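# Architecture at a glance
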Amino acid sequence: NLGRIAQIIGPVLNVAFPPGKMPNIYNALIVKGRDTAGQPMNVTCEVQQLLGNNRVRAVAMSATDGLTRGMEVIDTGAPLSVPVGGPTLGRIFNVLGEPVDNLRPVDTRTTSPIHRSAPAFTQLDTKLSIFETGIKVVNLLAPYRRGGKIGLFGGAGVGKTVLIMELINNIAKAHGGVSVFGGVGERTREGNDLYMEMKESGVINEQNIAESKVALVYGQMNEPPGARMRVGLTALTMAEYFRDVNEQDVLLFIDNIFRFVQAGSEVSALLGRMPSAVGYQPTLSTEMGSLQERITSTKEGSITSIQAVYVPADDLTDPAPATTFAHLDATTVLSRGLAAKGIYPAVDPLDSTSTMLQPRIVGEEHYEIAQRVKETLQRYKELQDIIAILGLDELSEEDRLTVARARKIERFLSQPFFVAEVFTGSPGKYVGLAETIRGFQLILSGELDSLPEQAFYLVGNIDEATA
Amino acid sequence: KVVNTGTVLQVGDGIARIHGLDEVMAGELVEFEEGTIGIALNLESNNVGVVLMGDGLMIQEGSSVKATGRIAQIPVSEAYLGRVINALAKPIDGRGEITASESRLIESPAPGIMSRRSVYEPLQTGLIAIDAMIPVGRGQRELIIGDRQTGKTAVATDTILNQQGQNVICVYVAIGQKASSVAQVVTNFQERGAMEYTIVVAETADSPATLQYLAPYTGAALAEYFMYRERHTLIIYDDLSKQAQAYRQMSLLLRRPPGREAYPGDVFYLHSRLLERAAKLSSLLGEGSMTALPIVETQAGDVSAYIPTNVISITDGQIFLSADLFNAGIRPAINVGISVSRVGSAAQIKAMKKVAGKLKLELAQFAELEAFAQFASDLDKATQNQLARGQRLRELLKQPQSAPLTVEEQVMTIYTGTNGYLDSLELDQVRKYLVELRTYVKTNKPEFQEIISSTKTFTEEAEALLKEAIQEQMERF
Ligand SMILES: CC(C)C[C@@H]1NC(=O)[C@H](C)N(C)C(=O)CNC(=O)/C(=C/c2ccccc2)N(C)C1=O
């Protein structure tokens, strides 16, 4: 259709159509004039309100600078459509689905609306498979349910990305299916990196023989707010294809999904609504919820999403990350103080769960130990504030044992990464279930009470902790 | 002409509500009768919300306004390199106009993911504590954090100084700094010939708020002219905190909905843009780069604060500086314990890696027992070795302002202590050791110093040849 821009107030457009034409809500519009001498059309928005008075409001996906009032807008006639299918692998995508890897256009078979009604109640499943990662803290104290969604939580700089990389290494380069990584509000480096790194391992196209098993869509930090509020949805629309069209088992790596909320935060008050808890929108729960229940496994296939979530000012009470949790079959909450100790990956063995920590789904040896481990990790944690001032001289011979063993646990709970070979300075190591399970069972048994602490710090297997 | 001119409805607090001007573009410059420049942002239904760039005391309700038609352009070239520049790129030093041939935009899109390459190019700053444990490489964004009076600006003053000619172009952006204080700096940069390659894009406190925003943006655009020309830049934005504040002030004056600490809803697109437009372009663009070192002041060592929270999550590392670890001898105060560098040692040579990497493992072990020293009633030597080799390296890490060390001078020095030479010595003495030893090697042994750099690494010879040097030199104390 044809309306005219009526107000441009930052990345928000108030378009005015004729009393007949009414771009339906969420229907993407597209605007005609913009940057310095030359006519692009990158200015694509998404209707979000019918203010009324023949006038929809809308958030742009591109920068409005240079736009003018009266500029013809146009109602494409449906929601913003990204091109999906096999012809998206090995390429870097825009929030609009435009190729951003300078490799020619994209020769896709069909587009697809980033706006799709999640699976029904009878398209779901209950199968609970494990997902061996290769870190002495996950597979042991909070496993990965295939199809399920992983919540990798933490504050500013705690190893979340390094955590999403090791996973592509330990699981994606070897995963027998398609994978997709979304760039929701993060640094460009991390993009450039994860690209030129996925290239060397040939996870991308060394030659256009197209044997890639990855599709990239990157909307980084710099993009206006109406970009990181939806690149999480492009990445996912491209993932919601391999899941049901090619009955494939796809992974969804979202490096920070928070930058997705933060990004919505910013169009909230802007669109004229009333702010909510901690400055967030009233529609916070409706926004990251409708886009975590499409990112699921169904009978038609599966989506094993390993998503990261930013935790502002170190606070989990915060509405933005707090909200996520519900939408998680597991959680890996990282610590800044447990990271201030050098133990990496900085993962709090106490605050980190996984629905599949059930002996009905993994075993007793995996079930007890994990807890036995944690138990001592509760003890020492409730002993600290005590000994810190009350010393050890009066501590029982049965409680000073909790101390040594614990310090052997919280350290044996360290493990350099194959990607973090530049922060640790030592070779990465792949430590699966059994290797980890028993390694710890040899600790809880005081079979190693002689050995020092730093004997298990940044070590591969238990043996490597005794060498 | 309600098309390219207009009337002024109101001027309240450096913002004006213009009426008419239908053709304006969002982001376009408008010109007032009394000749006051301002940008357009609120293309509201029947009125335009314009943010003035000056004393609005001049604008009068009835005066008209012309639409410059230009989307805030700034002049750029080589004509600068030594001119304390304003905010709309016009001299504020009194040396004439600037020969601008081209003219790039203040706000322009930043280099994408194809147009980029990892950081391998080092960036020497003259700070033994920075270029050995906090490796800043070219193109990389490195944050400088610290409360009031935390030697942060100083980390910067020395760094731009420490840039060998033809090596790196530098831009000094001051936002909300004091005139005087800016001057005390713009001088201490000339007296060392460093102002022949640095611009001083600065806007004092008195300067209208609608400028401290662009202070960096300009300061960044002026630098992007050298990047796309295969040249390398270093940008220091003295406080992004004082720029964030100036942001808040405009949104509220435009009547835009606020949030945490009255900070608007686009406070994160103030740094996630200045700091992104900085990078290492691919060799298919010029290998040109831009390293930005943004400063963000804190309050009570409160890192988790919004602005400092946000920025840290935009930069590739921090150089925390502490208010408790000043007088304690640590001058400059680098909390290398929390100060990180996401690029990695990748921004260092081999000659540094060999020492630095090792110095890393050291000043990382002491951190775990440090608090013991004062309460060490009877520790083991296996620990003593650490609480001994501990406060040693620190005094090497201490540095007098205005004196940036070369890379040679950087590696040779670490070598002394790191290798057990300064070991059995007294901390309240080591400072003069290096000072003395350095000049001693620069004078009598500048033959080895040039061997160091060129070879870029310490050969089995120069080592032994350093060994004979330091051992006998400590023996001259
Ligand atoms: C300073 C000018 C030259 C660039 C601005 N552009 C932007 O900062 C953002 C990134 N862009 C491109 C927009 O389109 C949204 N604009 C603004 O928010 C702004 C906001 C603004 C706020 C307060 C005072 C002035 C402007 N614009 C000015 C755009 O024209």
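The record lists X-ray crystallography as the method behind this PDB entry and 3.40 Å as its resolution.

### Re the sheet that holds strand 6 (residues 72–79) of chain A
All names here are of chain A. Reading around the barrel, the six strands line up as 1-2-5-4-3-6 and close back on themselves, with antiparallel pairing between neighbours. Averaged over all pairs of adjacent strands, the angle between strand axes in this sheet comes to 45°, irrespective of strand direction. Note: strand 3 (residues 27–31) against strand 4 (residues 44–49), three bridges, orientation antiparallel. Bridging across to strand 4, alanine 28 finds its partner in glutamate 46.

### Side note on the packing of helix 8 (residues 364–390) of chain A against helix 9 (residues 400–412) of chain A
Residues and elements named next belong to chain A. Taken N-terminus to C-terminus, the directions of helix 8 and helix 9 make an angle of 115°; their axes are 9 Å apart at the nearest point. Viewed along their axes, helix 8 and helix 9 form a crossing whose handedness is left-handed. Across from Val373, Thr376, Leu377, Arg379, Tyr380 and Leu383 in helix 8, the residues of helix 9 making contact are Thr402, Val403, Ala406, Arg407, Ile409 and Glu410. Among the residues forming the contact of helix 8 with helix 9, the class breakdown is seven nonpolar, two polar and three charged.

### Some details on helix 10 (residues 433–441) of chain A
Three or four residues apart is the spacing at which side chains of an α-helix point the same way, because the helix has 3.6 residues per turn. Along helix 10 of chain A, the positions that sit buried rather than exposed are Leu433, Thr436, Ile437, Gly439 and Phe440 of chain A. Contact partners of the buried residues in helix 10 of chain A: helix 1 (138–141), helix 8 and helix 9 of chain A.

### Some words on the UniProt feature "binding site: ATP" in chain A
Residues and elements named next belong to chain A. Those residues carrying the UniProt feature "binding site: ATP" are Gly154, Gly155, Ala156, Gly157, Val158, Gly159, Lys160 and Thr161 in this numbering. Mapped onto the elements, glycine 154 comes out in strand 10 (residues 150–154). The topology assignment puts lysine 160 in helix 2 (residues 160–172). Sequence-distant contacts of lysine 160, defined by excluding residues within four places in its chain, comprise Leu152, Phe153, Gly154, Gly155, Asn256, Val309, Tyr310 and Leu334. At 2.8 Å, the side chain of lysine 160 forms a polar contact with the backbone oxygen of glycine 155.

### Focus on the site of the ligand
Close to the ligand lie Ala63, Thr64 and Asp65 of chain A together with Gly27, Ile39, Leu41, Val51, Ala72, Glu107, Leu214, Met250 and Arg273 of chain B. Lying at an intersection of chains, the ligand is approached by residues of chains A and B. Note that an oxygen atom of the ligand is positioned 3.1 Å from one of the backbone N or O atoms of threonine 64 of chain A. Here an oxygen atom of the ligand and a side-chain polar atom of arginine 273 of chain B are 3.2 Å apart. If the ligand stood free it would expose 570 Å²; the protein chains cover 83% of that surface. Tallied by class, the residues present in the shell around the ligand amount to seven nonpolar, two polar and three charged.

### Re the packing of aromatic side chains
Scanning all chains against the criterion turns up 16 aromatic pairs over all chains. Seen in terms of ring centroids, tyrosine 172 of chain B and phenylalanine 189 of chain B are 6.4 Å apart; in terms of plane orientation they differ by 55°. Their pairing is tilted. Residue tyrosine 172 of chain B is located in strand 8 (residues 169–175), and its partner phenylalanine 189 of chain B is located in the loop between helix 2 (179–187) and strand 9 (198–199); the two are separated by 17 residues in the primary sequence. Taken as a pair, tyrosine 172 of chain B and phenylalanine 189 of chain B share a single burial class, namely buried. Taken together, the ring pairs in this structure connect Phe412, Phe440 and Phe456 of chain A into an aromatic cluster.

### Some details on the sheet that holds strand 8 (residues 92–93) of chain A
Residues and elements named next belong to chain A. The seven strands are arranged 8-12-11-13-14-10-15 in an open sheet whose pairing can be described as parallel. Lying at the two open borders of the sheet, with one neighbouring strand each, are strand 8 and strand 15 (330–331). The pairing of strand 11 (residues 179–184) with strand 12 (residues 214–219) spans six bridges and is classified as parallel. Within strand 12, the residue paired with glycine 183 across the bridge is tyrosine 218. Strands in contact with helix 2 are strand 10, strand 11, strand 13 (249–255) and strand 14 (302–310); relative to strand 13, the strand with the most contacts, it is inclined by about 160°. The sheet strands contacting helix 5 (residues 231–242) are strand 8, strand 11, strand 12, strand 13 and strand 14, and the helix crosses strand 11 at an angle near 170°.

### Observations regarding the pattern of salt bridges
All names here are of chain A. For the structure shown, the criterion picks out 36 salt bridges over all chains. The partner of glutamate 46 in a salt bridge is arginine 230, and the shortest N-O contact between them spans 2.4 Å. You can see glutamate 46 sitting in strand 4 and its partner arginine 230 sitting in the loop between helix 4 (225–228) and helix 5, a full 184 residues away along the chain. The residue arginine 405 makes a salt bridge to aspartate 449 at a minimum N-O spacing of 3.0 Å. Remark: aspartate 449 occurs in the segment after helix 10 and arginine 405 occurs in helix 9; sequence separation between them is 44 residues.

### Some points on the environment of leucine 285 of chain B
Residues and elements named next belong to chain B. Mapped onto the secondary structure, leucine 285 falls in the loop between helix 6 (271–274) and strand 12 (289–297). Here the alpha-carbon distance between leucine 285 and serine 115, two residues 170 residues apart in the chain, equals 7.2 Å. Setting aside its immediate chain neighbours within four residues, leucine 285 contacts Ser115 and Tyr228.

### What to know about a negative patch on the surface
Taken together, the side chains of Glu197, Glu200, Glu206 and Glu211 of chain A make up a negatively charged region of the molecular surface. Turning to its location among the elements, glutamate 211 of chain A is positioned in the loop between helix 3 (189–200) and strand 12.

### Section: the domain arrangement of chain A
Residues and elements named next belong to chain A. Here chain A is described as being made up of domain 1 (1–79), domain 2 (80–356) and domain 3 (357–467). Distance from the C-alpha centre of domain 1 to the C-alpha centre of domain 2: 29 Å. Domain 1 puts 19 residues into the contact, and the matching count from domain 2 is 19 residues. When domain 1 packs against domain 2, close to 1,500 Å² is buried across both sides, 63% of that on carbon and sulfur atoms. Summed over the three residues of domain 1 that lose the most area to domain 2, namely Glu46, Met61 and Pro79, the buried surface amounts to 39% of that side. At the boundary of domain 1 and domain 2, one finds one salt bridge. Applying the counting criterion to the domain 1 and domain 2 interface returns three residue pairs in polar contact. Elements that contribute at least two residues to the side of domain 1 that touches domain 2 include exactly strand 4, strand 5 (56–60) and strand 6. Top element by residues in the side of domain 1 that touches domain 2 is strand 4. It accounts for five residues. Per-class residue counts for the side of domain 1 that touches domain 2 are twelve nonpolar, five polar and two charged.

### Focus: unusual backbone geometry
A cis amide bond, omega 0°, links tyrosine 344 of chain A with the succeeding residue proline 345 of chain A. The residue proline 345 of chain A is located in the loop between strand 15 and helix 8 in this model. Look at the link from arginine 331 of chain B to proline 332 of chain B: it is a cis peptide, with omega at 0°. Relative to the helices and strands, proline 332 of chain B resides in the loop between helix 7 (306–312) and helix 8 (350–369). A positive phi angle, close to 40°, is found at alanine 313 of chain A, a residue other than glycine. Positionally, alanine 313 of chain A belongs in the loop between strand 14 and helix 7 (319–324). Take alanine 313 of chain A: its relative accessible area is 32%, and that puts it in the partly exposed class. Even without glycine at this site, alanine 89 of chain B takes up a positive phi of about 50°. Accessibility expressed as a relative area gives 3% for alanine 89 of chain B, which makes it buried.

### Quick look at the packing of helix 9 (residues 381–397) of chain B against helix 11 (residues 427–444) of chain B
All names here are of chain B. It is at 9 Å that the axes of helix 9 and helix 11 come closest, and there the two elements cross at 45°. It follows from the interaxial angle that helix 9 and helix 11 lie oblique. Note that helix 9 runs across helix 11; the crossing there is right-handed. Contact residues: helix 9 offers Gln391, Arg392, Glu395 and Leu396, while helix 11 offers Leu427, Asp428, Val430, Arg431, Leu434 and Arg438.

Parameters and conventions
Residues numbered from 1 in each chain as written, not as in the entry; some residues may be left out. Chains lettered and ligands numbered in written order. Heavy atoms only, no water. Pairing = 2+ DSSP bridges. Helix = DSSP H or I, 4+ residues; strand = E, 2+ residues; numbered from the N terminus. Axes fitted to C-alpha atoms, helices over the stretch in contact; angles between N-to-C directions. Left-handed = near helix turned anticlockwise from the far one by under 90°. Contact = heavy atoms within 4.5 Å. Nonpolar A, V, L, I, M, F, W, Y, C, P; charged D, E, K, R; others polar. Buried < 20%, exposed > 50% of the residue type's maximum accessible area, 1.4 Å probe, protein only. UniProt positions renumbered as here; feature names shortened; annotations may be inferred. Polar contact = N/O pair within 3.5 Å; in protein donor to acceptor, adjacent residues only side chain to side chain. Near = heavy atom within 4 Å. Areas by Shrake-Rupley, 256 points an atom, 1.4 Å probe, with all protein chains shown as cover. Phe/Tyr/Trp six-rings, centres within 6.5 Å; stacked < 30°, edge-to-face > 60°. Salt bridge = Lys/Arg side-chain N within 4 Å of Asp/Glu carboxyl O. Patch = residues over 30% accessible without salt bridge, like charges linked within 9 Å, V, L, I, M, F, W, Y side chains within 5 Å. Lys, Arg positive; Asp, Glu negative; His and termini not counted. Charge placed at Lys NZ, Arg CZ, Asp CG, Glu CD. Domains from an automatic or database assignment. Buried area = accessible area lost by both parts, 1.4 Å probe. Parallel < 35°, antiparallel > 145°, perpendicular 65-115°, else oblique.

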